[PDB]
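no FASTA, just this:
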Ligand SMILES: Cc1[nH]nc2c1[C@](c1cc(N3CCC(CC(=O)O)CC3)cc(C(F)(F)F)c1)(C(C)C)C(C#N)=C(N)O2
Ligand SMILES: Cc1[nH]nc2c1[C@](c1cc(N3CCC(CC(=O)O)CC3)cc(C(F)(F)F)c1)(C(C)C)C(C#N)=C(N)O2
Ligand SMILES: Cc1ncc(COP(=O)(O)O)c(CNCC(=O)O)c1O
Ligand SMILES: Cc1ncc(COP(=O)(O)O)c(CNCC(=O)O)c1O
Ligand SMILES: [Cl-]
């Protein structure tokens, strides 16, 4: 008693918007540092009937019947996760049920510290995430600043994590957890030093490696599994999986954490797992372990180095004057424009990027930069030689943005009136499309 | 720089488990009240490249570029949600970004009362959800009993909601929210009478209609939208959509609730929305509004009545001795067997159900019943005349379970040794598969 007519016939309205979204993705230079494109095998999982199953609990301990094949999928995902990040099932555990990044981080924090527990994370304005305790003087913006007591550590004026400040803060504030691993931080993390500060004050070491996960798994960047008690990560960014998250916990260093983390996920916060996600994660984690994926990940940093280098050669300032990973933050103060403005200008030419704060900015309204990153375009086949072209396009967008500000003024509402019809933007878009639309599309 | 080999080639191991899940689903009598089967159109959306997009925030106010077609999908889903539940976009708003039911309920309660806030909900043992403030004397099982202060109202020994107790509890406890709508409660709700109690102590009226959503939409059961301040609902049960959730808020009765709920979802708890979900929910919400889905929903209650009636005529006791909705709770005390045992017996014959508490039980270990429901089988084309057979299979399961208890004893580990190879279980399984494997499978 159902309708099995295809999507095209059942819902032509929705199907057209998705055919459109598909074309837009195909014809865009995607520089969002947090975005990638999944292969068809991961999209077959997400489409799979396994999402019919309620399977609350953990494998073998299900509150529903008919979970025989679900428990295998869940166990196969856990194994492949522990295998992908080069850790032993003897000392490291993994929960694979968190629905996304922010859910995973709030759950893992809760497990460790409980309500009104004390936590430390990097400031949003300095590169830290919302779920790292972010608040404003005016409001508790993240739940992690309200359901927990949080304190935030700023980076230095050059854009680097100030370990002198972290230690000054940890001794006075005395938190149960210290968060590192970040949302828009272009450099590597000394986890060892974080461990020594955590050990000084008997706080837990929390490393959220969502942005840099692939690098960690492939031993291109520092390994926080050597020092951290908990490691959180999303699966949908550089790792190139579905939208999901993973909580890793260190059993050797903290026995009985397994029960605490598992109980935090369910039944503390979530109910039924999303099994199509779990299936999809499993499929991408087998890819993560291959030598082919290492090659891709290497290409990400190769492209990122080249991109930063080509932007500096065109006199554009970068936060920390470069990058160790997949991402760059462009400081736009020398041009007297904002990232809100450059994001719209880039939206008009099919260049996807996001506004981003910098160290000198006192407000998240009027951010003075944009962040870009290479995972997506590296997935589309772009090489080091291609980065000059992307640098060329970003430079012209900045120049066009200066002109449109000159003509129409600093107000953003006024600035947008400048965008539609602009001949240079039309010629530039045309250039973006012609090149982007040609690349391999998964 | 990717692998576009299909799932079968890239991951034969996983592909075989999913082909196996597919066959199990096809050859099972699914009586899990919370489960359904999604059509191929809903499954195309979940597999769609729209899940590549980071679109944090709300439509027109995105922290990322390239969100033009995503904004159309998110506004189209909101439209179709308000349309489906027969509410005016002037009076009611809807957030469509919650990732699942438990996330939606925690977020909405936060919006309303905040950390340390007071809430009231039905006890788990009486039919209420974990997210309705459930705790135990030992521990705060749900975050909703820890991040909030909760008190729990039980039903009487008859299995019915006791409004005398609710009011008595509300006057003394004075919560800011009162939750109604439930997980395994077989009768309709007097929302109007809940509204009268909420107004007396100036509390919000929270209706969670996840289990009964389709009835509310198609006007077969009471309408909480006439009285409630907030309505939550999952989209993956009787509504027959993807795994997602929806928070409805009454703007007219509570000016300023819109921002407060929209900010609880993001940036308070979640980050990037899962767009494939939103696409999928939009697709099913169009189906919900047709007269054909009303037909399906009517057939759900026709089957439920017949199923209750046919179980009573085989001398099986039901809580409240019947049902007004899609679900029944079988009380198994007279047979001296637990729900755990009957769930295992039923899994050996390809009958999916779940264990469930009843009013007389003091513990959730050793629950005295099981819960069943008709949404899934009604989707597969089963009619009233088919319910006698399901009732007969369940009767035979109960009988077999008493025998297996008699032979191997009360211990559950001992009991399962009895299951493998049993001649009448093989005979019954055979009978289950033959009928189930013949029915329409979306
Ligand atoms: C949207 C989001 N989530 N997590 C983030 C961000 C980022 C971000 C957040 C905000 N927020 C998002 C929530 C907002 C609170 C509200 O809405 O009431 C406070 C500022 C603002 C910006 C930018 F605009 F660039 F300054 C960027 C980026 C990645 C989009 C960010 C930065 N900078 C960092 N560090 O992390
Ligand atoms: C799994 C789950 N989620 N929400 C539910 C349930 C149900 C349920 C929950 C529990 N729980 C789940 C959390 C558990 C807490 C812990 O581990 O520390 C306490 C008992 C136990 C049962 C049953 F076994 F039948 F008694 C049923 C059902 C629908 C599966 C339930 C009941 N009865 C109700 N009312 O709601
Ligand atoms: C370090 C980090 N942690 C957690 C999250 C949360 O992920 P979900 O979006 O799945 O909740 C993000 C999101 N990153 C935002 C961005 O960098 O674009 C992040 O950067
Ligand atoms: C009333 C109610 N509310 C919320 C949820 C949470 O849904 P998620 O599983 O999407 O978190 C459930 C699921 N209850 C499980 C069941 O009845 O089988 C529920 O019954
Ligand atoms: Cl999904």
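Structure received. Numbering: from 1, shown residues only, chains lettered A, B, ... in the order given. Ligands and ions are numbered 1, 2, ... in the order given.

Would you state the helices of the stretch 251-400 of chain A in chain order?
Under the criterion DSSP state H, counting those that start in this stretch, the stretch 251-400 of chain A contains helices at A:257-263, A:275-289, A:291-313, A:339-348, A:375-379, A:384-408.

Buried residues, the fourth one. List them.
Just to be clear, that refers to helix A:339-348. Burial within helix A:339-348, assessed by neighbour count using 16 or more other CB atoms under 10 Å in any protein chain shown, is assigned to A:339, A:341, A:342, A:343, A:344, A:345, A:346, A:347, A:348. Every residue, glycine included, has its C-beta placed from N, CA and C.

ok so, going back, format the helices of the stretch 251-400 of chain A as JSON lines; extra columns: distance to residue A:426.
JSON lines is the format used below for the helices of the stretch 251-400 of chain A (distance: least, CB to CB, whole Å):
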{"stretch": "helix A:257-263", "distance to residue A:426": "53"}
{"stretch": "helix A:275-289", "distance to residue A:426": "38"}
{"stretch": "helix A:291-313", "distance to residue A:426": "24"}
{"stretch": "helix A:339-348", "distance to residue A:426": "9"}
{"stretch": "helix A:375-379", "distance to residue A:426": "23"}
{"stretch": "helix A:384-408", "distance to residue A:426": "11"}
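
For residue A:297, which non-adjacent residue is closest in space?
Computed as CB to CB, 6 or more residues apart in numbering or on different chains, the closest residue to residue A:297 that is not its neighbour in sequence is residue A:214, at 4.5 Å.

Identify the residues contacting that neighbour.
For residue A:214, the set of contacting residues under the criterion of CB atoms under 8 Å, 6 or more residues apart in numbering or on different chains consists of A:220, A:238, A:239, A:240, A:288, A:293, A:296, A:297, A:300, A:375.

so which of the helices of the stretch 251-400 of chain A gets nearest ligand 2?
Distances from ligand 2 to each of the helices of the stretch 251-400 of chain A were compared using CB to the nearest ligand atom; the shortest belongs to helix A:257-263, at 6.9 Å.

That closest one vs chain B: in contact?
No. Counting by CB under 8 Å from any CB of the partner chain, no contacts exist between helix A:257-263 and chain B, the nearest distance being 8.5 Å.

Give me the buried stretch members for that helix, please.
Buried, per 16+ other CB under 10 Å, within helix A:257-263: A:257, A:258, A:260, A:261, A:262, A:263.

So what touches that helix?
Applying CB under 8 Å, 6+ apart, the set of residues contacting helix A:257-263 is A:58, A:93, A:95, A:107-108, A:111-112, A:229-230, A:247, A:249-251.

Just say helix, strand or coil for residue A:150.
strand (DSSP: H, G, I helix; E, B strand; the rest coil).

Identify the residues contacting it.
With contact taken as CB under 8 Å, 6+ apart, residue A:150 is in contact with A:118, A:119, A:120, A:121, A:132, A:133, A:134, A:135, A:144.

Taking these, please make a PyMOL selection of just the buried ones.
One line in PyMOL is enough to select the buried members of the contacts of residue A:150, burial here meaning 16+ other CB under 10 Å:
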select buried, chain A and resi 118+119+120+121+132+133+134+135+144
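
Adding distance to ligand 1, write the helices of the stretch 251-400 of chain A out as TSV.
Listed next are the helices of the stretch 251-400 of chain A as TSV, based on distance: least, CB to the nearest ligand atom, whole Å:
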stretch	distance to ligand 1
helix A:257-263	23
helix A:275-289	21
helix A:291-313	17
helix A:339-348	6
helix A:375-379	14
helix A:384-408	16
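
Looking at those, which is nearest to residue B:362?
Proximity of the helices of the stretch 251-400 of chain A to residue B:362 was assessed by CB to CB; the nearest stretch is helix A:257-263, lying at 22.2 Å.

Is ligand 2 within reach of that closest one?
No. In terms of CB under 6 Å from any ligand atom, no part of helix A:257-263 sits within range of ligand 2; the closest distance is 6.9 Å.

how far does that helix sit from the chain's center?
Helix A:257-263 has its average C-alpha position 24 Å from the chain's average C-alpha position, going by CA atoms, centre = their mean, to the nearest Å.

Of the buried residues of helix A:257-263, which is the nearest to chain B?
Each of the buried residues of helix A:257-263 was scored against chain B by CB to the nearest CB, and residue A:263 proved nearest at 8.5 Å.

list the contacts for residue A:11?
With CB under 8 Å, 6+ apart, residue A:11 has these contacts: B:41, B:282, B:283, B:286.

Which strand or helix spans the residue nearest to residue A:145 when sequence neighbours are not counted?
When the adjacent residues along the chain are set aside, residue A:145 lies closest to residue A:135, with 3.8 Å between them (CB to CB, 6+ apart). Using DSSP states H and E, residue A:135 falls within no helix or strand.

thinking residue A:135 is in contact with residue A:143, fair?
No. The pair residue A:135 and residue A:143 fails to qualify as a contact (CB atoms under 8 Å) at a distance of 10.2 Å.

Output the set of residues of the stretch 251-400 of chain A in proximity to ligand 2.
Those residues of the stretch 251-400 of chain A that sit near ligand 2, judged by CB under 6 Å from any ligand atom, are A:267, A:271.

hang on, the earlier thing: would you confirm that the residue nearest to residue A:297 belongs to a helix?
Yes. Residue A:214 forms part of a helix when assessed by three-state DSSP.

Identify the residues contacting residue A:124.
With CB under 8 Å, 6+ apart, residue A:124 has these contacts: A:130, A:132, A:134, A:152, A:183, A:357, A:364.

do that again at 7 Å, thanks
A:130, A:134, A:364 (CB atoms under 7 Å, 6 or more residues apart in numbering or on different chains).

Excluding sequence neighbours, find me the nearest residue to the residue in chain A positioned nearest to ligand 4.
Minimum separation of chain A from ligand 4 (CB to the nearest ligand atom) falls at residue A:271, amounting to 3.0 Å. Excluding the flanking residues, the one nearest residue A:271 by CB to CB, 6+ apart is residue B:102, at 4.3 Å.

same question, residue A:298
residue A:220 (6.7 Å).

Same question for residue A:294.
For residue A:294, ignoring the flanking residues on the chain, the nearest one in space by CB to CB, 6+ apart is residue A:218 at 4.7 Å.

Let me see the backbone angles for the one you found.
Note on residue A:218: its backbone torsions stand at phi -100, psi 10 [degrees, to the nearest 10].

Give the full set of residues in contact with residue A:113.
Residue A:113 is in contact with A:119, A:148, A:176, A:177, counting by CB under 7 Å, 6+ apart.

Oops, could you answer that again for residue A:359 instead?
Applying CB under 7 Å, 6+ apart, one finds that residue A:359 lies in contact with A:126, A:155, A:157, A:159.

Return a PyMOL selection command for the buried portion of these.
Those of the contacts of residue A:359 that count as buried under 16+ other CB under 10 Å are selected in PyMOL with:
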select buried, chain A and resi 126+155+159
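
With that, I have no additional questions.
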